[PDB]
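A quick note on method: Cβ atoms are made from the backbone with ideal geometry, for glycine too, and the neighbour counts reach across all protein chains shown. Just so you know, all these numbers are worked out from the coordinates, no wet-lab data involved.
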Amino acid sequence: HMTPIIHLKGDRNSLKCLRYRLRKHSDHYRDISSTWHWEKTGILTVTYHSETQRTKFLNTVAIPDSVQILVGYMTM
Amino acid sequence: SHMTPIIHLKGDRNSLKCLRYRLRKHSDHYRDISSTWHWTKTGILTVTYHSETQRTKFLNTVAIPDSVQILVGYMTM
């Protein structure tokens with residue numbers, strides 16, 4: 001299905017720590033990936049069960065300025 | 001953002017790492033290819049293409065083992 005996601009892009013280390021933090025302290029997401037890349041820059045994919053969950057996530061989960069938030073969709 | 005054609009390959013991480021190294025040799029047939037990742041072993045490789053033409057080519061010349069699940073789809077970017 002074409003799933004709503006967001007990709008968090010930035011420093012690989014900043015992202016690894018953000019992933020731990022998301023996992024330990026935050027709600028409003030279905031799954032989150034390991035840090036990956038297509039090198040000091042990376043990507044973290046977060047999936048949602050709906051557009052409303054993704055919106056709740058973006059209205060309440062603190063994400064660092066240095067990490068870019070790209071909203072989007074992908075087949076999974 | 002545009003809907004980009006892709007395929008995900010899912011399977012054993014070793015399998016995927018080997019296949020990914022092979023593929024890196026046939027880079028003509030795809031746009032990009034990710035490092036191996038997983039949902040937080042069952043790894044995943046994402047391959048991107050600049051057209052459905054190029055994807056269909058890829059799928060017609062590349063050999064994928066049966067234990068590696070091919071998932072065709074798209075993603076925005």
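Report every pair of residues separated by at least 6 positions or lying on different chains whose Cβ atoms are under 7 Å apart, first residue within segment A:37-50 and away from chain B (no Cβ under 12 Å), second hydrophobic (A, V, I, L, M, F, W, C).
The qualifying pairs are A:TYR48/A:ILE5; A:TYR48/A:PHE57.
Exactly one of (1) within 21 Å of B:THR4 (Cβ to Cβ); (2) over 11 Å from the mean Cα position of the chain (by Cα); (3) surrounded by 13 or more Cβ atoms within 10 Å (Cβ to Cβ); (4) of a type outside the set (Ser, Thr, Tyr) is unmet by A:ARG12. Its number?
With (1) within 21 Å of B:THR4 (Cβ to Cβ); (2) over 11 Å from the mean Cα position of the chain (by Cα); (3) surrounded by 13 or more Cβ atoms within 10 Å (Cβ to Cβ); (4) of a type outside the set (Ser, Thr, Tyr) applied to A:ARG12, the lone miss is (1).
Considering every residue within segment A:55-67, establish whether at least one is outside any loop (DSSP other than H, G, I, E, B), within 14 Å of another protein chain (Cβ to nearest Cβ) and surrounded by 13 or more Cβ atoms within 10 Å (Cβ to Cβ).
Our first condition is that a residue be outside any loop (DSSP other than H, G, I, E, B); within segment A:55-67, this holds for A:55-60.
Among the residues that remain, those that are also within 14 Å of another protein chain (Cβ to nearest Cβ) are: none.
No, there is no match, as no residue in segment A:55-67 is outside any loop (DSSP other than H, G, I, E, B), within 14 Å of another protein chain (Cβ to nearest Cβ) and surrounded by 13 or more Cβ atoms within 10 Å (Cβ to Cβ).
Just to be sure, is B:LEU71 crowded, with 17+ Cβ neighbours inside 10 Å and on the phi < 0 side of the Ramachandran plot?
Against the criterion (crowded, with 17+ Cβ neighbours inside 10 Å and on the phi < 0 side of the Ramachandran plot), B:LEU71 does not qualify.
How many of the residues making up segment B:1-22 are part of a strand (DSSP E or B), within 25 Å of A:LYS16 (Cβ to Cβ) and either in contact with a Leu (Cβ under 6 Å, 6 or more places away or on another chain) or more than 9 Å from chain A (Cβ to nearest Cβ) (or both)?
Total meeting the criteria: 5.
Consider only pairs whose beta carbons are under 9 Å apart and that are at least six residues apart or on different chains; among these, list those whose first residue lies in segment B:23-35 and is more than 7 Å from chain A (Cβ to nearest Cβ) and farther than 11 Å from B:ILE7 by Cβ and whose second residue is assigned to a loop (DSSP other than H, G, I, E, B) and among the polar types (S, T, N, Q).
Hits for this filter: B:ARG31/B:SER51.
What's the number of the condition A:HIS28 fails, among (1) assigned to a loop (DSSP other than H, G, I, E, B); (2) in contact with a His (Cβ under 6 Å, 6 or more places away or on another chain)?
A:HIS28 satisfies every listed condition except (2).
Within segment A:35-48, how many residues are surrounded by fewer than 20 Cβ atoms within 10 Å (Cβ to Cβ) and part of a loop (DSSP other than H, G, I, E, B)?
4
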